[PDB]
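Using UniProt numbering, the letters of the first sequence map in sequence onto residues 158 to 326, 338 to 392, 409 to 659, 664 to 684. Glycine included, each C-beta is placed from N, C-alpha and C at the ideal position. Below: the structure, in structure tokens.
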Amino acid sequence: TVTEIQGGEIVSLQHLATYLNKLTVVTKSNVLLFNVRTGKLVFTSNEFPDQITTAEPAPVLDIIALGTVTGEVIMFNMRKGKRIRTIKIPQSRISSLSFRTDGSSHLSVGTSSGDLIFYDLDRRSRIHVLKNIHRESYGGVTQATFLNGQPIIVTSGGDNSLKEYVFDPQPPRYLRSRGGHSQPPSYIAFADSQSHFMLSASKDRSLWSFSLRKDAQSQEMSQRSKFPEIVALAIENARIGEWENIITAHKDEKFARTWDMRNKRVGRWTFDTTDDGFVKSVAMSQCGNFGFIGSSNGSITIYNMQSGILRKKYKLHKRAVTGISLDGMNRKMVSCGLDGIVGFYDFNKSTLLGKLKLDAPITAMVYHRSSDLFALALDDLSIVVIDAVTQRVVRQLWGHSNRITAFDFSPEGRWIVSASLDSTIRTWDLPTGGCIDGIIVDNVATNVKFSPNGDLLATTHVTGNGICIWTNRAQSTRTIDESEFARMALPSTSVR
RNA sequence: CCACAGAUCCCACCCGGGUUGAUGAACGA
């Protein structure tokens, strides 16, 4: 036990080389040496004026490096009990220390602001500083370690990333890294029909592709200070490699961006609304030839994904267009808006084929291409299912007690699964319109998507950086439910 | 596959040239 007279609050436990049976206990105020075999406190250093936050054994005898709340790294001799050296890092709070051990006498100093500083111990000069490699709001650099005998330093923070930096035989060069979002995913989509990749956007302003396979590989989409946060997303696998196959809408921007799934990078085109409105909805044809953009001012624009050229423009809605889609045969185009209007248009000409007026503002659309049904989420907490061929409402789903966050069709077309602020995930059988299953979660689902094949369900939630995968073990009764809902927990991070 | 480098190239500024010559131009105290 370290009583408060013996030392302060324990910060770190270290074992120095050749210190047989002797544990070094560094506290906020001093450094102790205990013989763990005999129990004897064999050493206690003088009081340290400034709070010690970090400690790290040096690659030479008797020396331990100590970081302080003030940007000081102190080389301390445990045998003689005195300072040997004190390096000052101006106005930084040290969070990690590591010595290079490949021949070069270098020291790395991580900080809470997310900087990684490299210092030459022999030339007594600052070698370099990797600025903002990890987010400060997530603790900055929480750990940075030179690999033993190698010119490689591994770094990490609370921003869900693990980076590796090298020193070529010169400033350090980015080598490789792995990561995900630092904030919960806001929008997701399955990228392909082989269940390989998922496209995922977050409020951390990033666009990522995550593999669904065992290697758990992932890669951020290159934006070559980030683009504003994504507010709508669409992707089609048809033209991968040939031209742009991803469209994103960004917060408070009057144009949509395009991306290339093959090269995992932003694409060539930007698609303007043309009516000075923000982009509120985006969509793509199944063939991959066309991009659709819905404006906050009501306009709908159709662009050519190959050349980037504006093809067609429609003006029906007088409020924000919240959803757009086109049938698999590119015959009939459908739209929805906050004005509660459902628009039906002929794609080959530009004729208004029809209009529906619903009783509440419409916030989102999901179109089922294999059944030509599309569902709409309304502000009155209902889900309206419409047949695109007949241009008629065929079903209306009532049950949710709060705002609907997301929904999707089961691949066959038999089911619709929906999520809400009411912290439920419900399954609706379309032939009856009744809720046949309900799940209560403790972490509200913000997205729900069926895999192209009926096997998996992907969900995103209010808290958590990742995407939850569920197995659809019903590939069932038509009995209605009420408070017989299941209170299920999210999948384990220990699986697979 | 991207990333990043590389050097080149310009490219335009920038400087000097330069209004007290840029150019190329085949010898014979």
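The beta carbon of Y295 sits closer than 7 Å to the beta carbons of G314, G315, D316, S350 from its chain, once the five residues preceding and following it are set aside; these are given in chain order. Beta-bridge partners assigned by DSSP to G224: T211, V230. Fully enclosed beta strand (DSSP E) runs of no fewer than 3 residues occupy 179 to 184, 188 to 192, 198 to 201 of the UniProt repeat "WD 4" (168 to 201), in order along the chain. A direct Cα-to-Cα measurement between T589 and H364 gives close to 25 Å. Put simply, the backbone Cα of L510 is about 11 Å away from that of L557. Fully enclosed beta strand (DSSP E) runs of no fewer than 3 residues occupy 263 to 268, 273 to 277, 282 to 287 of the UniProt repeat "WD 6" (252 to 287), in order along the chain.
Note that the C-beta distance between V199 and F191 is below 8 Å. With 16 or more other Cβ atoms from the protein chains shown falling within 10 Å of its own Cβ, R441 counts as buried. The count of Cβ pairs closer than 8 Å, one atom from the stretch 287 to 305 and one from the stretch 356 to 371, stays below three, leaving the stretches out of contact. The alpha-carbon of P214 is positioned some 9 Å away from that of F256. Residue environment: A369 is assigned as buried (16 or more neighbouring CB atoms within 10 Å of its CB, all protein chains considered).
Counting along the chain, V450 sits inside the beta strand (DSSP E) bounded by residues 449 to 456. Residue state for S680 is assigned as coil, using DSSP reduced to three classes.
Under the DSSP assignment, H645 falls in the beta strand (DSSP E) whose first and last residues are 640 to 645. In the DSSP assignment, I624 falls within the beta strand (DSSP E) that extends over 618 to 624.
Note: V518 is bridge-paired with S509, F528 in the DSSP secondary-structure output.
Here DSSP, grouped into helix, strand and coil, assigns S294 to helix. Going by DSSP, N631 is part of the beta strand (DSSP E) stretching over 629 to 634. Straight-line spacing of the CA atoms in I653 and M676 works out to 14 Å. In the DSSP assignment, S483 falls within the beta strand (DSSP E) that extends over 483 to 488.
DSSP places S604 in the strand class (E or B) of the three-state scheme. By the CB criterion at 8 Å, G461 and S480 fall inside the cutoff. Annotation: the UniProt repeat "WD 8" (354 to 388) contains no complete segment of the alpha helix (DSSP H) (minimum length 4 residues). Beta-bridge annotation (DSSP): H434 is paired with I414. Between the beta-carbon of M517 and that of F531 there is about 5 Å, and that keeps the pair under the 8 Å contact cut.
Annotation for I567: the continuous beta strand (DSSP E) segment containing it runs 567 to 571. Between the alpha carbons of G618 and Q580 lies a distance of about 10 Å.
A Cβ-Cβ separation of about 5 Å places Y487 in contact with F455 under the 8 Å criterion. Secondary structure note for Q580: its beta strand (DSSP E) is the uninterrupted segment 576 to 581.
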